[PDB]
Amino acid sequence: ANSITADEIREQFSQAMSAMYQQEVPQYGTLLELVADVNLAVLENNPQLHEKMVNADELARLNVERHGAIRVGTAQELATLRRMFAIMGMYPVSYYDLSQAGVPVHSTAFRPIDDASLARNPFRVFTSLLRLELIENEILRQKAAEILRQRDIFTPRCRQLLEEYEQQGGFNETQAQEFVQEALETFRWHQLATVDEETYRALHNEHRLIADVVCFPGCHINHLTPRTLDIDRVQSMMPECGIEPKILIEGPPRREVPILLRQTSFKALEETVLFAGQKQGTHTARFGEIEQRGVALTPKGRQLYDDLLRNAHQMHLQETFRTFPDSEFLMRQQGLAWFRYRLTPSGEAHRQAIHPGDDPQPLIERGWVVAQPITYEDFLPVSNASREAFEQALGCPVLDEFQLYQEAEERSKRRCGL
């Protein structure tokens, strides 16, 4: 029997996940059409752009790219996910301490890390871990904790598969399919709360996120985010399509050369919350999200970005960022971003003239080298004993995304003769 690859399980999962989300949240279906139209147009209106992209095998991924957002309340639950995603070629990258912003959670991003896997299908799932010690009311922290430790979000057949996988160190086609369906069940949405209304209202009142994580079955999808080449255009076309976006657009301001990523949200639906044993229920909001991703920033550039932010309303932002160079040449010159250097047909011809240590600038102007920008695969930084704690819960340290991009850039320099 053939041993199915990770890229194969990941892309099938992503898609299954997407279809389920679509049947759950229709507005998401509409959203996809709108993004497709906008991406097509942007390509139509910019042939060179379309040329650049085709030359860098980055146009295909644009049609399947999405990221998921999920929340869990226990280190245990977080370790199983670490196992489940490993079987799909996704590894925990970086650390985000959303507590630094009031949200009682902290997190990481499970995603592929090799160039080909990213290019083939870059599925990502922002995974957040609840931090009960950040729950004021101790009575509630107590109840939350109780519910969380006595519950189980994975299907038995799903835990069985993680075990079989460990034994064989691989899955077969029939198990790969089954794994995809059983895992999909952990993220499905259910209306039935797993608590009484009184408990729900009390936890919700303490903090919406808390009730979201403790009062519902598995860990339903918070949001599924498709990717676009122009966030502003999408934001403008949404109302025409029945979607009321929200003025705010996080990330840097519109730029010739995008950096990191820009994103915005919107209410995709208000769901009904039910309670076993009674007619009266309540409701909760499922928010949709959209993003546009630019070049990955260097430690020096991420620092510039953070400082500039720490200095600033969208007009004031744009004003502030005039400081951040807005041309690949300038950004490359000051070591602000990550580029993938590739030889040009002309360049490979003269390959024997390119030597290690050489300055790429001359070779680029000569037409021999091209600096492709490396896409940002991670998330926006949120404006210690927490990281290590989180790493303890996870079961391993989180990868340093800067080290990832650097290696990728270095890898390409070798491939070129540097």
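The first residue of the shown sequence is 1; numbering continues from there.
According to the record, 10 or more deposited residues between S383 and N384 are left without atomic coordinates. Counting the deposited residues that fall between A312 and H313 and carry no coordinates gives a value of 4 to 9. Judged by mean Cα B factor in the deposited record, 159-167 ranks above the other of 117-125 and 159-167.
When the two stretches 303-311 and 106-114 are set side by side, the higher mean Cα temperature factor goes to 303-311. Among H220, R322, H316, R255, the highest C-alpha B-factor recorded in the PDB entry belongs to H316.
Residue-level inspection of the entry shows that, of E270, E146, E178, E77, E146 has the top Cα B-factor. Placement of the Cα temperature factor of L192 within the chain: lowest third of the modelled residues, per the deposited record. Sorting the modelled residues of the chain by their CA temperature factor places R82 in the middle third. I364: CA B factor lies in the highest third for its chain, per the PDB record. For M17, the recorded CA temperature factor ranks within the highest third of the chain's modelled residues.
Looking at the C-alpha B-factors along this chain, the one for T375 belongs to the lowest third.
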